[PDB]
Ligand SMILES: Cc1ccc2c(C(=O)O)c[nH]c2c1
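Consider the single chain below, provided in structure tokens and representing the form deposited without 6-methyl-1H-indole-3-carboxylic acid.
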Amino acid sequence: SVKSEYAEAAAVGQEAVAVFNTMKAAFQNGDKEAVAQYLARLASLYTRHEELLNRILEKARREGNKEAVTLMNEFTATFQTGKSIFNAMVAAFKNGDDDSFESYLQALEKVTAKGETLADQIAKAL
């Protein structure tokens, strides 16, 4: 069901939260080798999450579930804000700009926390 597909997508999102927090600890500790691996792992999770979200939005559209489509359009837009911040974070790591890395890291945490009420609202709407 589209609802069970959203729960699967929500779990992938929570996997990225977990890996992101370990990555933040590694960054603070200066373990740049770990950071690089976590960033690769996070890119794969976000690419997977985005694909599950697009499939869910398209299905809600085919089902005519107007409220769920509205919420998912808003939620996908916020996801892309997070993705842009992430990709900038990755560039700051490549460049050795720890000041920018810290900045982008905090921004991504705030974008994500803000988007969580909507994330829950979608589960209920599908």
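Numbering starts at 1 and runs along the sequence shown.
Separately, the form deposited with 6-methyl-1H-indole-3-carboxylic acid bound exists; it is not shown, and the next lines address it.
The closest heavy atom approach of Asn95 to 6-methyl-1H-indole-3-carboxylic acid in the deposited complex falls outside 4.5 Å. For the chain shown alone, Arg48 is a contact residue for 6-methyl-1H-indole-3-carboxylic acid in the deposited complex, at least one non-hydrogen atom being within 4.5 angstroms. Looking at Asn29, you'd find every heavy atom of it more than 4.5 angstroms from 6-methyl-1H-indole-3-carboxylic acid in the deposited complex.
Residue contact check for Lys59: none of its heavy atoms lie within 4.5 Å of 6-methyl-1H-indole-3-carboxylic acid in the deposited complex. Each of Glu8, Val12 and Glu15 is positioned with at least one heavy atom within 4.5 Å of 6-methyl-1H-indole-3-carboxylic acid in the deposited complex.
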